[PDB]
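Take a look at this single chain in structure tokens; it is the form deposited in one PDB entry.
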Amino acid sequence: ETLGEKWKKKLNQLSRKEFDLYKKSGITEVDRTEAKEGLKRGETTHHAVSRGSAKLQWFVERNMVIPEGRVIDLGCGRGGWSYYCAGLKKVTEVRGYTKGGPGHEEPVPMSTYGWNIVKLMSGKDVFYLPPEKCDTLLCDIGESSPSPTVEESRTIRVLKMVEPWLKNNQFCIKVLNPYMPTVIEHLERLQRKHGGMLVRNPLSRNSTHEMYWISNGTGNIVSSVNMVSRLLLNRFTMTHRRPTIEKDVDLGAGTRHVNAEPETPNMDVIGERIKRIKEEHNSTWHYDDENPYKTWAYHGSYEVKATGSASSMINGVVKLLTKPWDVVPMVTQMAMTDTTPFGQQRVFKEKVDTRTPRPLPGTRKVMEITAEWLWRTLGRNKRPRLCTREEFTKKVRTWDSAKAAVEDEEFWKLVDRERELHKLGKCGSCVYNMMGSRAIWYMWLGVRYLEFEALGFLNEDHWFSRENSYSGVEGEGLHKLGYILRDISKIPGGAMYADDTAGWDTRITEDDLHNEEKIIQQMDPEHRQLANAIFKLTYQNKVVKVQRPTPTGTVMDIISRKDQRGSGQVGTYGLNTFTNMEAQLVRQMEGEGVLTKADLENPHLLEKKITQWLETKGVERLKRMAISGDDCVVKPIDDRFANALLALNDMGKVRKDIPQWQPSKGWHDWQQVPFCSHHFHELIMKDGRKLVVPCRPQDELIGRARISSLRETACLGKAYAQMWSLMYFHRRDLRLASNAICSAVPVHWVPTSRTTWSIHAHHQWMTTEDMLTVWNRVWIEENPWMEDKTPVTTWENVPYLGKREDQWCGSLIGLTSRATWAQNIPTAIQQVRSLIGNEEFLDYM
């Protein structure tokens, strides 16, 4: 009797209750919530049709099967394996066959990326089909049975059916029962002929001994099968472990043109950076022809140790003082952040490895005119300026590694050498990391300095301040954003629109880049030449480092791209604000009927009409906007803007979470308008004065504060408590939790570490000063929208949101557990105080 047979007898003896516990004990599982609701609403983009896409991805990620050419998918069902293959580098056609009909899954039609190369056929019994030529054979057929010999016949049947479909090609075949001796005998003969190996997918439930015969591998079937039997037997006795939750796959949207995908690198511009990386890592430098990059040019890899983690570190002090939130899913989903090479690669494939169609010639003309006008407007008072070593060094001080480098003369000597290459129109070492010795660290910081030197002026000199740019909100700060949205709401016209671009930085075109670059025209000759090196050699020819996991260990890939924004490069905020202002002006012109479909298609479009609209209405239309990077709030002259989608989608600025051609929905109540991850409420204090306050789902606030020595953990907790008291004092639970943290953390301990990296954060809470004096300075004294300067002497006079509004935005007020928490607060304070030690603490309400 095999171990698998012992496992089967035990599984069949389990009661219904203990079977439901065991089946998912310690397993990996994708969260199907979003996809199931999306499919229920009839959505055809992004969603995977079943858990199958995730299941196949696990194999593909690990190079166990690398689908390519003509893919055939036997028993495709709903199509999860097929729609996943459709977006892979080397796949040119996916033919899926499934039985369908009563008791069988039918193919679910979709518009995910590459749907156009997907051919799902129902009414196809694979056991009646003559084998076809194919480059990848996939098969996921096998119905379970309490009898293992019934499964044995089903498994041999599938094995005999698949075999003739194999001829030196890729495969991934389910083996329903691999533990029966005759199945092992059959697999051993199959491995001698076709190779491959048997692998267990962790996403498989414990109620099945299924394994997959994959083409890329070798190894001992008997040993691999028994290891699974042993794991599965051990899971019966093992104390119940909840499944490891992973984020489900994003299969994108739209048609795939395989010939449009590849990147053609400018080797004359990037060749030297590749040569130097190759030199520094010559001992492990290799060219991996099995790399997954479709739209990024690949140049080689080097071996590296793995960096990252599946989840975030939890803050113990704040968790202890926020007990009702242990049970809330959104709070724990915050900690769900996969930064492993597997996590990086998933994000790269779904978000970065895309190509935006060139905008039409009329769209390019409109953008060119708007850009020339906008830079002139932005440069009316200020002149561009070079930033310096002294400036960069000051900014760094206000990483310990960065402070060491800037104090080192060798770092500056390397910078000078690279600057001399930039002056000759050459780049030798300027690279950025998507996610991935001191020479490498110095080359990176030097790249960031040289970008800062040439383009730091846009941020440093406040080019996107509301005063300089009209639409900008730079230097404003969270507490001022709402007051600006309230002021914009006073402008008559349409609703306030707030459409987010799906991954903005990947939607930045070679045309956007050429328009952003136009600022060089206002620079002095020596500045012009340095900024022109950045734009041309580095921003329009990006050389990037990215980690990738392989069956033999982690590698660092060197990849390149001409278009898109370099997210790991300086000036991203300012360049995004500039292009978003321009794109929003173009969409306003279309909504006004100034810019037509005929204009967008016109190769010899006339500037006259656009120039008149900009010179006469431009600044007025800029004033109708609040633009902060990729994020915008637009209040147009009327609602035609909602239906104005031609120039927006043609520019490549496709809106997130909405079909391409569906009109936008806006708001007339400014307090419901989303902006920079927040919405803003207008409150009336006990004294009758009004306050405009920042707000967001309370679980996002708690969840974030719950992410990380003890002293550092307590100090970071205190920083979150003080930010809450200054910015989110109107949230009942946050003021109570803030008071609890400050009582539990030593009073003289000055908060350390940032609570956020937001450009809108001025960190007035990073102090030992009394929080009510800081509150008064922020909310009354320095507040330009507060006319009456009378201070507030008590927190009782610092207002809360209305009970219903506090509840709508996630408050737990009115729940029994929240009431128990409030009663149990002095106890939670004592527990943290006990752990910290015998220090000086104070009591807060």
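Residue positions are given as counts along the sequence shown, with the first one as 1.
The modelled chain breaks after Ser708 and resumes at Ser709, leaving 4 to 9 residues of the deposited sequence without coordinates. Unmodelled stretch separating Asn168 from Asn169: none (count of deposited-sequence residues without coordinates). In this entry, the higher average B-factor at the C-alpha atoms falls on 312-320, of the pair 312-320 and 611-619. Once the C-alpha B-factors are averaged per stretch, 553-561 and 273-281 rank with 273-281 first.
When the C-alpha B-factors of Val150, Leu360, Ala306, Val673 are read from the PDB record, the largest value belongs to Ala306. In this entry, the residue among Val747, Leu600, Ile117, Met523 with the greatest C-alpha B factor is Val747. For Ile780, the recorded CA temperature factor ranks within the highest third of the chain's modelled residues. Annotation for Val447: CA B-factor lies in the middle third of the chain's modelled residues.
For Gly52, the recorded CA temperature factor ranks within the lowest third of the chain's modelled residues. Among the modelled residues of its chain, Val792 has a C-alpha B-factor that falls in the highest third, as given in the PDB entry.
The deposited CA B-factor of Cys715 belongs to the highest third of values across its chain.
Just so it is clear, the following notes concern the form deposited with a small molecule bound, a form of the same protein that is not shown.
Site residues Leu14, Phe19 and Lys23 are all in contact with the small molecule in the deposited complex, judged by any heavy atom within 4.5 Å. Here the chain stands by itself, but in the deposited complex one stretch of 409-417, 348-356, 272-280, 203-211, 203-211, has heavy atoms within 4.5 Å of the small molecule. With the partner omitted here, the residue from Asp248, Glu453, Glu151, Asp733 that has a non-hydrogen atom within 4.5 angstroms of the small molecule in the deposited complex is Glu151. Residue in contact with the small molecule in the deposited complex (any heavy atom within 4.5 Å), chosen from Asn291, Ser145, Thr572, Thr295: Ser145.
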